Structures are given as structure tokens and as C-alpha cells.
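Colleague: Structure in C-alpha cells, see below.
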Amino acid sequence: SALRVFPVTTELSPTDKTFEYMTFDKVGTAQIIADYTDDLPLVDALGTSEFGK
Amino acid sequence: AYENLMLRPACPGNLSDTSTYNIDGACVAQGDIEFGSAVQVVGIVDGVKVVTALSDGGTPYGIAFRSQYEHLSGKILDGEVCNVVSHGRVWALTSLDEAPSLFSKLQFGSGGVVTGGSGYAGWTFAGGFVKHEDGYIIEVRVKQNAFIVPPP
Amino acid sequence: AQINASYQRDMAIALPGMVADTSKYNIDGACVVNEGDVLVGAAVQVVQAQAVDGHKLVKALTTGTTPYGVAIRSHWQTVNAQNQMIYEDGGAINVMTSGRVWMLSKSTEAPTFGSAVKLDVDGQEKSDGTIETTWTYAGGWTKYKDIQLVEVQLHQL
Amino acid sequence: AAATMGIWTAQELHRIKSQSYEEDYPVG
Amino acid sequence: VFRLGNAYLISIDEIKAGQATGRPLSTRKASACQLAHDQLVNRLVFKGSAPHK
């Protein structure tokens with residue numbers, strides 16, 4: 001059966017018609033730094049999402 | 001049907017959908033009648049109808065129904081009360097190998113088994129065609145007041 | 001001094017694709033929108049009825065096709081779009097195969113009580129349409145704002 | 001492509017007012 | 001003397017959606033029915049019906 005070989009979770013409510021999950025990425029870098037420095041690299045964070053029924 | 005399926009799709013002489021069905025309970029059998037197969041109305045005695053298996057020159061009336069309490073032998077025996085599906089959607093018996101055109105008027109012959117389509121007036125073929133034993137089962141959309149007995 | 005006032009306003013009688021009567025009706029689920037969108041008050045055609053499973057594929061009426069039933073207005077299954085209510089592709093449709101429903105009409109004159117119903121290629125009622133049905137009129141003939149509506153009696157195919 | 005490239009959606013920052021207006025049909 | 005009547009329909013999914021959002025449909029339909037009764041009584045009083053004399 002498909003309900004035994006694949007995991008079953010319980011989050012959705014009985015009165016829902018759609019849902020959505022998101023995943024996030026990381027963007028950045030680092031450098032070897034000496035004191036009296038003002039040029040520091042910057043990092044960020046982005047993400048996307050998908051739907052279901 | 002058959003293997004690769006947990007459940008067999010359908011069995012003859014049983015309703016398929018729960019949509020405006022009518023079952024007559026005041027009937028008596030004259031001969032051995034099997035589930036499925038159309039029946040005639042020979043006569044009416046004190047309210048009840050004496051139904052027989054379809055024969056030549058007789059207008060079909062309904063399809064025999066399967067009850068697991070009335071008939072404990074797999075068929076309807078002589079002198080036994082029976083249920084007849086005058087109106088509704090029931091699985092019948094056929095002697096065909098290919099599903100006819102959709103919404104085509106079926107034709108009956110032999111002992112109430114469907115022989116072919118391309119009729120002029122009568123019941124129609126719903127969407128359904130399954131394999132049973134050695135043969136197939138067709139779904140019939142029974143409508144009351146469909147076959148009118150010809151005047152003499 | 002002053003004279004008081006009292007006003008009055010009446011509601012409408014119908015809405016496109018809404019069940020008109022409590023008489024014997026038969027609404028068939030287990031139908032799928034094979035392609036395109038289907039309006040609430042328009043007839044549909046059966047592309048294919050699966051044998052083993054039972055689902056019937058439902059599309060919109062085109063030229064030279066037999067109508068099957070009228071879509072039914074629901075607050076849950078339907079999806080709001082185009083400032084209206086429609087059935088989207090890949091979703092279940094409530095098809096009424098028997099009963100009295102309020103249709104969408106393109107005609108301009110009231111019809112007779114008992115007579116055949118003629119649709120056009122779009123699937124909406126037209127007094128001189130081409131596609132022929134077995135359904136008959138019921139008598140109701142009203143209009144919601146700028147939309148014309150007509151009542152029909154549906155017979156099982 | 002991939003729009004989004006974000007963390008919050010438009011729904012998460014949104015409000016539906018408690019008040020609701022209804023058309024009035026006098027009786028007579 | 002005469003008698004009047006009407007009705008309305010609703011499904012289980014709509015009931016569950018109404019209980020899950022605080023916006024019922026049954027109450028609105030019942031109010032519409034009562035309003036229709038009152039307005040038709042008004043129509044009878046101020047315009048009458050020919051077939052019923």
C-alpha cells in the first residue's frame with residue numbers, strides 16, 4: 001500500500017482547499033580581513049514556494 | 001478487472017449508482033430466473049405480478065435484483081417472491097465483446113441477455129463495461145414507461 | 001412641520017445556473033472539466049465516460065454535439081473569476097441531468113409552456129438555435145440586471 | 001526566473017475589516 | 001384564506017466552511033426566505049392576484 005511505504009503527516013485542517021510550502025537559500029561570502037577595514041562583504045537570504053490541492 | 005486490482009469491479013444484478021431507483025416488491029416467479037436479464041409480466045393476480053424470463057415477442061419490464069436474504073441458492077426459483085428494478089441504473093448480462101456507442105439504445109434477446117445495440121426505442125447504455133467469469137457485464141439505464149406493448 | 005416617508009424595494013427572482021424548484025432532480029457528481037472553463041448557466045457535453053473507473057469527462061458545447069446537462073451554482077466547488085462564478089479546468093462539476101434550472105438565454109421573446117428547447121453553438125438558450133435537445137420549457141422568464149434568464153425542464157438522457 | 005525571491009507573501013501582511021455592508025431591501 | 005411557502009438548500013461542505021470562517025450561509029438564506037414572504041404579502045395587499053380572485 002502507498003500509505004505504508006510512504007510517510008504520512010497531519011498538518012492540514014479538514015476545511016482547506018489549498019496549501020503552500022517554502023524553501024530558502026543562502027547567498028554570501030567571507031574574506032580574510034585586517035584591522036582598520038571598511039570593506040566587508042555582505043550576505044543575504046531568499047526563497048521560493050510551491051502549492052498543492 | 002481480474003488481477004492487479006484489490007477489489008472486483010462489479011457483480012451482475014446489483015445497482016451501480018444511488019440515483020432515483022425504483023424496486024417493485026410485489027412479484028412472483030413462474031420459472032427459474034437468474035440475476036440480471038430482463039423479465040416480462042405474464043399477468044396480475046390480486047395485485048401481484050407474475051414475472052417470467054424474457055422470451056420471443058415479449059416487451060421487457062425490468063431487471064432482476066440480487067437479495068442475500070430472499071434467495072439462498074444463487075438464483076430465483078419457481079414460486080418465490082422477487083424484487084425487480086423497474087427504474088434505475090443496474091448491471092445486466094450481455095453476450096457482447098465490445099462496448100457500444102454511448103447513450104445507445106440496447107436490444108435484448110434469448111433469456112434477457114443483451115445481444116446488441118443500434119435499437120430504435122427503449123433503455124440506453126450508460127458508461128460501464130467490465131469482464132465477468134468468461135464474458136462481460138453491461139450497465140443499463142432502466143427507465144419506466146419505455147417499452148409499450150404493441151396493440152394486437 | 002414635516003411629512004415622514006417610507007420606501008420599498010424587491011429582490012430578484014433568479015440567478016444563472018440556480019436550481020429553481022424542489023421537484024425531483026438528479027445532480028451527478030464525479031465529472032471532470034477535461035479542457036477549458038465551463039460557465040454556471042451553460043450546457044455541457046460528455047467527451048468520454050471511463051469504463052472501469054466511472055468518471056465522465058465534461059467539456060463545453062461545440063457544433064454538432066449532444067448536450068448532457070446544466071452546470072449548478074455552488075459556493076464551495078466553484079472558483080470566482082472574471083467578476084463571475086465559473087468552473088475551472090481540472091475540477092469536479094455538479095451537472096444536473098434532471099429537474100428545473102435557470103439557464104442563460106440569448107432570445108428576446110417569452111417562450112411557450114410546452115415546447116422543445118433549442119441551444120446555440122455556445123451552449124446558451126436561443127429561440128432559433130441549431131442544436132436540438134429533448135428538454136422542454138417550464139414557463140419562467142425573468143432578467144437579473146442586464147442578464148437574461150430562462151427556466152427549462154431537464155429530462156434524463 | 002522565480003519571482004518571489006522573497007520571504008513574505010502579500011497575504012501575510014493583509015487585513016480584512018470587521019465591518020460588513022449589506023444591501024437593504026425594505027419590506028413595505 | 002390562503003397559504004404560502006418556499007424552501008432552500010445547503011450542503012455539508014458549506015456548513016463546515018461557514019463554521020470555520022464565522023460567516024454562515026444558512027442564516028442569510030433564512031433571512032432571504034422571511035423577506036420574500038413579507039414582500040409577497042405586501043404584493044398581495046397592494047396589487048392582488050387575478051387568478052386567485
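Naming scheme: A, B, ... for chains in displayed order of the C-alpha cells; residues 1 onward per chain; ligands 1 onward as shown.
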So that I can see what lies close to residue B:136, please list as a PDB file with C-alpha atoms, in the first residue's frame the residues with an atom at most 8 Å from it, counting only C-alpha atoms and leaving out residues fewer than 6 positions away in the same chain.
Modeller:
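Result saved to selection.pdb:
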ATOM      1  CA  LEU B  93     -25.880  -9.565 -18.541  1.00  0.00           C
ATOM      2  CA  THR B  94     -24.658  -9.302 -22.126  1.00  0.00           C
ATOM      3  CA  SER B  95     -23.334 -11.527 -24.897  1.00  0.00           C
ATOM      4  CA  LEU B  96     -21.022  -8.881 -26.378  1.00  0.00           C
ATOM      5  CA  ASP B  97     -17.278  -8.294 -26.512  1.00  0.00           C
ATOM      6  CA  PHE B 129     -18.194  -2.346 -19.308  1.00  0.00           C
ATOM      7  CA  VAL B 130     -16.486  -4.951 -17.106  1.00  0.00           C
TER       8      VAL B 130
END
Colleague: Excluding residue B:1 and any residue of its chain fewer than 3 positions from it, enumerate the residues within 9 Å of it, using only C-alpha atoms, and give them as a list in words.
Modeller: residues 4, 5, 7, 8, 9, 130, 131 and 132 of chain B; 52 of chain C
Colleague: Okay, now the selection with N, CA and C atoms, as a PDB file, in the first residue's frame?
Modeller:
ATOM      1  N   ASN B   4      -4.360  -7.442 -10.523  1.00  0.00           N
ATOM      2  CA  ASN B   4      -3.846  -6.081 -10.383  1.00  0.00           C
ATOM      3  C   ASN B   4      -4.854  -5.135  -9.744  1.00  0.00           C
ATOM      4  N   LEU B   5      -5.954  -5.655  -9.206  1.00  0.00           N
ATOM      5  CA  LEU B   5      -6.966  -4.854  -8.533  1.00  0.00           C
ATOM      6  C   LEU B   5      -7.288  -5.496  -7.193  1.00  0.00           C
ATOM      7  N   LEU B   7     -10.083  -5.080  -5.509  1.00  0.00           N
ATOM      8  CA  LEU B   7     -11.496  -5.432  -5.496  1.00  0.00           C
ATOM      9  C   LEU B   7     -11.981  -5.694  -6.911  1.00  0.00           C
ATOM     10  N   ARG B   8     -12.858  -6.679  -7.057  1.00  0.00           N
ATOM     11  CA  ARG B   8     -13.529  -6.872  -8.332  1.00  0.00           C
ATOM     12  C   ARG B   8     -14.500  -5.717  -8.577  1.00  0.00           C
ATOM     13  N   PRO B   9     -14.606  -5.230  -9.816  1.00  0.00           N
ATOM     14  CA  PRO B   9     -15.387  -4.003 -10.045  1.00  0.00           C
ATOM     15  C   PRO B   9     -16.870  -4.137  -9.731  1.00  0.00           C
ATOM     16  N   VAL B 130     -17.420  -4.202 -17.934  1.00  0.00           N
ATOM     17  CA  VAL B 130     -16.486  -4.951 -17.106  1.00  0.00           C
ATOM     18  C   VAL B 130     -16.529  -6.415 -17.526  1.00  0.00           C
ATOM     19  N   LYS B 131     -15.454  -7.135 -17.207  1.00  0.00           N
ATOM     20  CA  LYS B 131     -15.317  -8.552 -17.515  1.00  0.00           C
ATOM     21  C   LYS B 131     -15.744  -9.393 -16.319  1.00  0.00           C
ATOM     22  N   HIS B 132     -16.491 -10.460 -16.591  1.00  0.00           N
ATOM     23  CA  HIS B 132     -17.027 -11.326 -15.546  1.00  0.00           C
ATOM     24  C   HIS B 132     -16.916 -12.774 -15.996  1.00  0.00           C
TER      25      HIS B 132
ATOM     26  N   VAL C  52     -13.988   1.289 -16.464  1.00  0.00           N
ATOM     27  CA  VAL C  52     -13.727   0.677 -15.165  1.00  0.00           C
ATOM     28  C   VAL C  52     -13.938   1.679 -14.037  1.00  0.00           C
TER      29      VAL C  52
END
Colleague: From the list E:49, E:34, E:39, E:21, which residue is nearest chain D when using only C-alpha atoms?
Modeller: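 Distance minimum relative to chain D lands on E:39.
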Colleague: Between atom CA of residue B:114 and atom CA of residue C:45, what is the distance, to one decimal in Å?
Modeller: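 Value for the atom CA of residue B:114-atom CA of residue C:45 distance: 26.8 Å.
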Colleague: Atom CA of residue B:92 and atom CA of residue B:17, how far apart in Å?
Modeller: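 That distance, rounded to one decimal, is 13.5 Å.
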Colleague: Can you pull out the residues contacting stretch 145-148 of chain C? Cut-off 9 Å, using only C-alpha atoms, and skip same-chain residues under 3 positions away; I want them as number ranges by chain.
Modeller: C: 12, 16, 103-108, 141-142
Colleague: As a list in words, could you give me every residue of chain E near chain A (at most 9 Å apart, counting only C-alpha atoms)?
Modeller: residues 13, 16, 17 and 20 of chain E
Colleague: Hey, can you spit out that residue selection with N, CA and C atoms as a compact mmCIF listing (two decimals), in the first residue's frame?
Modeller:
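Result saved to again.txt:
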# COMPACT_ATOMS: atom_id res chain seq x y z
N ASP E 13 -20.33 20.54 3.10
CA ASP E 13 -19.10 21.30 2.91
C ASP E 13 -19.31 22.78 3.20
N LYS E 16 -19.53 23.29 6.96
CA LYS E 16 -18.22 23.23 7.59
C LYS E 16 -17.39 24.46 7.28
N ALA E 17 -17.50 24.99 6.05
CA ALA E 17 -16.78 26.21 5.70
C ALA E 17 -17.32 27.40 6.48
N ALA E 20 -16.09 27.40 10.02
CA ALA E 20 -14.65 27.61 10.08
C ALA E 20 -14.23 29.03 9.75
